[PDB]
$ cat coords_36.pdb   # PDB, C-alpha atoms
ATOM      1  CA  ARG A   9     -22.893   4.812 -16.253
ATOM      2  CA  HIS A  10     -20.706   2.193 -17.944
ATOM      3  CA  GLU A  11     -17.647   0.826 -16.121
ATOM      4  CA  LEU A  12     -14.303   2.641 -16.210
ATOM      5  CA  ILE A  13     -12.041  -0.139 -17.482
ATOM      6  CA  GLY A  14      -9.759   1.491 -20.035
ATOM      7  CA  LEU A  15     -10.733   5.114 -19.425
ATOM      8  CA  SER A  16      -8.077   7.757 -18.795
ATOM      9  CA  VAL A  17      -7.251   8.873 -15.257
ATOM     10  CA  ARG A  18      -4.993  11.559 -13.783
ATOM     11  CA  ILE A  19      -3.777  11.808 -10.186
ATOM     12  CA  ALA A  20      -3.326  15.165  -8.446
ATOM     13  CA  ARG A  21      -1.940  13.809  -5.182
ATOM     14  CA  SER A  22      -1.437  10.328  -3.729
ATOM     15  CA  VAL A  23      -0.291   8.768  -0.452
ATOM     16  CA  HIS A  24       3.060   7.812  -1.989
ATOM     17  CA  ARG A  25       5.237  10.394  -3.741
ATOM     18  CA  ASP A  26       6.354   7.720  -6.201
ATOM     19  CA  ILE A  27       2.822   7.775  -7.581
ATOM     20  CA  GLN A  28       1.826  11.287  -6.480
ATOM     21  CA  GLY A  29       0.815  13.319  -9.520
ATOM     22  CA  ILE A  30       0.840  10.233 -11.731
ATOM     23  CA  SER A  31      -1.170  10.067 -14.959
ATOM     24  CA  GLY A  32      -2.331   7.150 -17.078
ATOM     25  CA  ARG A  33      -5.162   4.863 -18.131
ATOM     26  CA  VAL A  34      -7.550   2.661 -16.162
ATOM     27  CA  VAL A  35      -7.707  -1.103 -15.672
ATOM     28  CA  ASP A  36      -9.620  -1.829 -12.465
ATOM     29  CA  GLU A  37     -10.908  -0.176  -9.287
ATOM     30  CA  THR A  38     -10.562  -1.475  -5.723
ATOM     31  CA  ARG A  39     -11.945  -0.333  -2.360
ATOM     32  CA  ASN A  40      -8.478   0.906  -1.384
ATOM     33  CA  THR A  41      -6.521   0.492  -4.621
ATOM     34  CA  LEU A  42      -6.738   2.039  -8.082
ATOM     35  CA  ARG A  43      -5.585  -0.038 -11.034
ATOM     36  CA  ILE A  44      -4.338   1.884 -14.111
ATOM     37  CA  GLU A  45      -4.217   0.357 -17.614
ATOM     38  CA  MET A  46      -3.841   1.908 -21.055
ATOM     39  CA  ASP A  47      -5.016   0.340 -24.329
ATOM     40  CA  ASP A  48      -1.363   0.429 -25.362
ATOM     41  CA  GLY A  49      -1.122  -2.664 -23.171
ATOM     42  CA  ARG A  50       0.526  -0.954 -20.219
ATOM     43  CA  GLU A  51      -0.781  -1.578 -16.706
ATOM     44  CA  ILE A  52       0.165  -0.015 -13.359
ATOM     45  CA  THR A  53      -1.307  -0.024  -9.837
ATOM     46  CA  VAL A  54      -1.994   3.030  -7.655
ATOM     47  CA  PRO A  55      -3.230   2.821  -4.000
ATOM     48  CA  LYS A  56      -6.510   4.627  -3.234
ATOM     49  CA  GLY A  57      -5.886   5.017   0.496
ATOM     50  CA  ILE A  58      -5.131   8.690  -0.132
ATOM     51  CA  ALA A  59      -5.206   9.439  -3.859
ATOM     52  CA  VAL A  60      -7.422  11.997  -5.611
ATOM     53  CA  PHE A  61      -7.804  11.599  -9.367
ATOM     54  CA  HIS A  62     -10.143  12.470 -12.230
ATOM     55  CA  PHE A  63     -11.023  10.314 -15.232
ATOM     56  CA  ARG A  64     -11.363  11.376 -18.862
ATOM     57  CA  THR A  65     -13.506   9.724 -21.534
ATOM     58  CA  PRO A  66     -12.648  10.089 -25.269
ATOM     59  CA  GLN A  67     -16.354  10.716 -25.822
ATOM     60  CA  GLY A  68     -15.737  14.038 -24.096
ATOM     61  CA  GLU A  69     -16.576  13.418 -20.444
ATOM     62  CA  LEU A  70     -14.983  14.635 -17.210
ATOM     63  CA  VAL A  71     -15.185  12.444 -14.106
ATOM     64  CA  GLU A  72     -13.656  13.020 -10.666
ATOM     65  CA  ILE A  73     -12.737  10.557  -7.913
ATOM     66  CA  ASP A  74     -11.277  11.128  -4.447
ATOM     67  CA  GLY A  75      -8.808   8.665  -2.980
ATOM     68  CA  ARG A  76      -8.324  10.651   0.213
ATOM     69  CA  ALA A  77     -11.814  11.704   1.280
ATOM     70  CA  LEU A  78     -13.921   9.273  -0.777
ATOM     71  CA  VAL A  79     -12.274   6.018   0.294
ATOM     72  CA  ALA A  80     -15.262   3.656   0.357
ATOM     73  CA  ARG A  81     -15.474  -0.074   1.066
ATOM     74  CA  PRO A  82     -18.194  -1.744  -1.092
ATOM     75  CA  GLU A  83     -17.953  -5.556  -0.984
ATOM     76  CA  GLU A  84     -16.251  -5.134   2.391
ATOM     77  CA  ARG A  85     -19.385  -3.398   3.709
ATOM     78  CA  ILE A  86     -19.352  -0.026   5.468
TER      79      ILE A  86
END

$ encode --input "coords_36.pdb" --output "structure tokens"
Amino acid sequence: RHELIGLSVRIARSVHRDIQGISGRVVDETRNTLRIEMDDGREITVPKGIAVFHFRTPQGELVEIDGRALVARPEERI
């Protein structure tokens, strides 16, 4: 599986319009918050409360994640 720290991620629609349709790299993932960082050294946060986005791996992989319908709470228990 391998974590997703550094991978690329694109948003199709998010709770906030300021981030809606945003695109960038990954840094960290939270139960209700998506953290975006790019190897360039640029980091930016993006709430997961209602944000669908797919990740891209240089190796040639296509991953998808839902911030609207797949909002799960791990450490916080279900």

$ closest_residue --input "coords_36.pdb" --among "A:76, A:50, A:39, A:64" --to "residue A:24" --atoms "only C-alpha atoms"
A:76

$ closest_residue --input "coords_36.pdb" --among "A:68, A:32, A:82, A:49" --to "residue A:19" --atoms "all atoms listed in the file"
A:32

$ residues_near_point --input "coords_36.pdb" --point "(-18.2, 10.6, -20.3)" --cutoff "12 Å" --atoms "all atoms listed in the file" --output "PyMOL selection string"
chain A and resi 9-12+15-16+62-72

$ closest_residue --input "coords_36.pdb" --among "A:61, A:36, A:74, A:85" --to "residue A:18" --atoms "all atoms listed in the file"
A:61

$ resolve_selection --input "coords_36.pdb" --expression "the PyMOL selection byres ((chain A and resi 34) around 6)" --output "list in words"
residues 13, 14, 15, 16, 33, 35, 44 and 45 of chain A

$ atom_distance --input "coords_36.pdb" --atom1 "atom CA of residue A:47" --atom2 "atom CA of residue A:30"
17.1 Å

$ atom_distance --input "coords_36.pdb" --atom1 "atom CA of residue A:25" --atom2 "atom CA of residue A:77"
17.8 Å

$ atom_distance --input "coords_36.pdb" --atom1 "atom CA of residue A:83" --atom2 "atom CA of residue A:51"
23.6 Å

$ axis_aligned_box --input "coords_36.pdb" --around "stretch 56-61 of chain A" --padding-each-side "8 Å" --output "AutoDock Vina command-line options"
--center_x -6.5 --center_y 8.3 --center_z -4.4 --size_x 18.7 --size_y 23.4 --size_z 25.9

$ closest_residue --input "coords_36.pdb" --among "A:23, A:29, A:56, A:84" --to "residue A:42" --atoms "only C-alpha atoms"
A:56

$ decode --input "coords_36.pdb" --residues "stretch 28-56 of chain A" --atoms "N, CA, C and O atoms" --output "compact mmCIF listing (two decimals), in the first residue's frame"
# COMPACT_ATOMS: atom_id res chain seq x y z
N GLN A 28 -12.18 24.52 -3.36
CA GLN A 28 -12.91 23.73 -4.35
C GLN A 28 -12.16 23.69 -5.68
O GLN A 28 -11.82 24.73 -6.25
N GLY A 29 -11.91 22.48 -6.18
CA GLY A 29 -11.22 22.33 -7.45
C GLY A 29 -9.73 22.57 -7.34
O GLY A 29 -9.06 22.80 -8.35
N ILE A 30 -9.20 22.53 -6.12
CA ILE A 30 -7.78 22.76 -5.90
C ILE A 30 -6.96 21.54 -6.34
O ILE A 30 -7.48 20.43 -6.42
N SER A 31 -5.69 21.77 -6.63
CA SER A 31 -4.79 20.70 -7.06
C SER A 31 -3.40 20.91 -6.47
O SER A 31 -2.90 22.03 -6.42
N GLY A 32 -2.78 19.82 -6.02
CA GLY A 32 -1.46 19.93 -5.44
C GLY A 32 -0.91 18.60 -4.97
O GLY A 32 -1.38 17.55 -5.39
N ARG A 33 0.10 18.65 -4.11
CA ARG A 33 0.73 17.45 -3.58
C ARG A 33 0.26 17.13 -2.17
O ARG A 33 -0.50 17.87 -1.57
N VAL A 34 0.66 15.98 -1.68
CA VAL A 34 0.22 15.49 -0.37
C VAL A 34 1.25 15.69 0.73
O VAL A 34 2.44 15.76 0.47
N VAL A 35 0.77 15.77 1.97
CA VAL A 35 1.66 15.92 3.12
C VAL A 35 1.20 15.01 4.26
O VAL A 35 2.01 14.30 4.85
N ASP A 36 -0.10 15.05 4.55
CA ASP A 36 -0.67 14.24 5.61
C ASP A 36 -2.18 14.06 5.40
O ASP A 36 -2.80 14.81 4.65
N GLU A 37 -2.76 13.07 6.07
CA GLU A 37 -4.19 12.81 5.95
C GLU A 37 -4.84 12.74 7.33
O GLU A 37 -4.34 12.05 8.22
N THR A 38 -5.95 13.45 7.50
CA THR A 38 -6.66 13.46 8.78
C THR A 38 -8.10 13.00 8.60
O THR A 38 -8.67 13.11 7.52
N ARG A 39 -8.69 12.50 9.68
CA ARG A 39 -10.07 12.02 9.67
C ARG A 39 -11.01 12.98 8.94
O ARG A 39 -11.85 12.56 8.14
N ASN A 40 -10.86 14.28 9.21
CA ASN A 40 -11.70 15.28 8.58
C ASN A 40 -10.89 16.44 8.01
O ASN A 40 -11.37 17.57 7.93
N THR A 41 -9.65 16.15 7.61
CA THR A 41 -8.79 17.18 7.04
C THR A 41 -7.70 16.57 6.17
O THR A 41 -7.02 15.63 6.57
N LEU A 42 -7.54 17.11 4.97
CA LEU A 42 -6.53 16.63 4.04
C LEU A 42 -5.38 17.62 3.97
O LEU A 42 -5.58 18.80 3.70
N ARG A 43 -4.17 17.14 4.22
CA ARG A 43 -3.00 17.99 4.19
C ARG A 43 -2.24 17.78 2.87
O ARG A 43 -1.95 16.64 2.49
N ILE A 44 -1.98 18.88 2.16
CA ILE A 44 -1.34 18.84 0.84
C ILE A 44 0.08 19.44 0.80
O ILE A 44 0.25 20.64 0.96
N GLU A 45 1.09 18.60 0.52
CA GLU A 45 2.45 19.09 0.39
C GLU A 45 3.09 18.55 -0.88
O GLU A 45 2.84 17.39 -1.30
N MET A 46 3.92 19.42 -1.47
CA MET A 46 4.66 19.12 -2.69
C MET A 46 6.16 19.20 -2.44
O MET A 46 6.64 20.13 -1.78
N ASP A 47 6.88 18.20 -2.96
CA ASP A 47 8.33 18.10 -2.80
C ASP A 47 9.04 19.44 -2.96
O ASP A 47 10.11 19.66 -2.40
N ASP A 48 8.43 20.34 -3.71
CA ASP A 48 9.01 21.66 -3.92
C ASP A 48 9.19 22.37 -2.58
O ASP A 48 9.92 23.36 -2.48
N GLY A 49 8.53 21.86 -1.55
CA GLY A 49 8.62 22.44 -0.22
C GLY A 49 7.42 23.30 0.10
O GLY A 49 7.45 24.11 1.02
N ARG A 50 6.35 23.12 -0.68
CA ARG A 50 5.13 23.89 -0.47
C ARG A 50 4.03 23.05 0.17
O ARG A 50 3.69 21.98 -0.34
N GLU A 51 3.50 23.52 1.29
CA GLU A 51 2.45 22.80 1.99
C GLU A 51 1.17 23.64 2.07
O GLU A 51 1.21 24.86 2.11
N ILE A 52 0.03 22.95 2.09
CA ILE A 52 -1.28 23.60 2.17
C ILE A 52 -2.33 22.63 2.69
O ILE A 52 -2.34 21.46 2.31
N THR A 53 -3.21 23.10 3.57
CA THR A 53 -4.26 22.25 4.14
C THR A 53 -5.56 22.32 3.33
O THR A 53 -5.83 23.31 2.65
N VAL A 54 -6.35 21.25 3.42
CA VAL A 54 -7.63 21.18 2.70
C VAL A 54 -8.62 20.27 3.44
O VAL A 54 -8.48 19.04 3.42
N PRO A 55 -9.62 20.86 4.12
CA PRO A 55 -10.64 20.10 4.87
C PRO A 55 -11.23 18.92 4.09
O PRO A 55 -11.49 19.02 2.89
N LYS A 56 -11.46 17.81 4.79
CA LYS A 56 -12.03 16.60 4.19
C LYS A 56 -13.52 16.46 4.49
O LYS A 56 -14.14 15.49 4.04
